[PDB]
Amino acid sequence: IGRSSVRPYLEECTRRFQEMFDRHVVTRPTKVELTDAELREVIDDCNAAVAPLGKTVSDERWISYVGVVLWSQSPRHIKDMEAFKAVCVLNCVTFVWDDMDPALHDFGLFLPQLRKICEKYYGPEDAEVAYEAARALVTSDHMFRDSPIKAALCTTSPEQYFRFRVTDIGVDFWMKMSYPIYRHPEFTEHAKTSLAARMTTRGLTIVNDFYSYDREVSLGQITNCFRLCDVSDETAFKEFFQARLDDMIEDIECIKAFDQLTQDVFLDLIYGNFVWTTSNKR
C-alpha cells in the first residue's frame, strides 16, 4: 500500500473519536449478554443457513461477526429477544455471504434461508420487512460489483459516497431488521422511511472506513471515504479527518432532537460500532 496508509494516524484518530463520543454522546456502550442457550441457538441457525453453501464456520468466527450486534444494539430498550436473535443470525450470515467468493454466490440457495430465518423470529409483517431489506442489500451488492455507478458515486464527493453507503454499508438493512427488537412506534417509522439509516450512515461509515482503509486499498477496494483524500499528506489528511468528525458531530447533535428512545438507539449504534470496531476481538 506504500504511503497510501492511515497507520501513522491510527492512535491519534482513535483517541479523537473516543474524545468526540465522550463529549457528545456520554453514555458508554454496553454489551448485550446472551445466555449460552441463546448463543447456541443463534449459531445453530447461522450454520443451518450457510450449510447449503458448503460452508463450515467455527463458533469463534460466528462470535467475531456477532459482536457488532452485541455491542451496537441498545440493551436499555430491548423488548423482543426473538427479534434480537434474528438480527444476530441475519448479521452473521450476511457477513459470511460477503466474505465468500462471489462466483460461489448461489442466491437460489441463500435467499430462501434468509426467508426461513425471518419467518422463524418475526411476525408476518415484520418478517416481510426484514426479508425485503436483506434481499435488497445482497441484490445491491451483486449489482454494484465492478460497476461504473459505484465508481462515480464513490469518487465524486463525500455527499455522493455517503448516499451510496446508506444501503451499501448495511445500515438500512440493520434498521429494518432491528425495529421489532424495540417495539417503539416512532423508531419503527424512522426505520421504515430510512430516515434512521440516513441519520446514522456517516457515523458508522466514517469509523468503518477509517479502520478498514489499509486492508481495503491493499485489496484494491474503492468504497472508502478516505480514498477522497491524499492520506499520505498529513496536512490534507488532518483537514479531511476534521471535516469527517464535524460531519459526525452534526449528525449526533441532530439525532438528539429525536425522541429519547430513538436517539438512545441511534447513538448506541454509532458509538457501539466504534467500540466493537476497535476491540481486540475485531
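All residue numbers are counted from 1 along the displayed sequence.
Engineer: Taking the recorded C-alpha temperature factors, which stretch has the higher mean, 39-47 or 215-223?
Structural biologist: If you average the C-alpha B-factors of 39-47 and of 215-223, the larger mean comes out for 215-223.
Engineer: Look over 183-191 and 74-82 in the entry and identify the one with the greater average Cα temperature factor.
Structural biologist: Comparing 183-191 with 74-82, the higher mean C-alpha B-factor belongs to 74-82.
Engineer: Among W174, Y161, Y122, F107, single out the one with the highest C-alpha B factor in the record, please.
Structural biologist: Largest recorded C-alpha B-factor: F107.
Engineer: Quick one: which of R165, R198, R145, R115 has the biggest Cα B-factor according to the entry?
Structural biologist: That would be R145, according to the entry.
Engineer: Pull the Cα B-factor of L137 out of the PDB entry and bin it into the chain's lowest, middle or highest third.
Structural biologist: According to the entry, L137 has a C-alpha B-factor in the chain's lowest third.
Engineer: Within this chain's modelled residues, let me know which third the CA B factor of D233 belongs to: lowest, middle or highest.
Structural biologist: For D233, the deposited C-alpha B-factor lands in the highest third.
Engineer: Select lowest, middle or highest to describe the third in which the CA B-factor of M20 falls within its chain in this entry.
Structural biologist: Its C-alpha B-factor belongs to the middle third of this chain's values.
Engineer: What third of its chain, lowest, middle or highest, does the C-alpha temperature factor of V93 fall into?
Structural biologist: It belongs to the middle third of the chain when residues are ordered by C-alpha B-factor.
Engineer: By the record's CA B-factor, is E128 among the lowest, middle or highest third of residues in the chain?
Structural biologist: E128: CA B-factor falls in the middle third of its chain.
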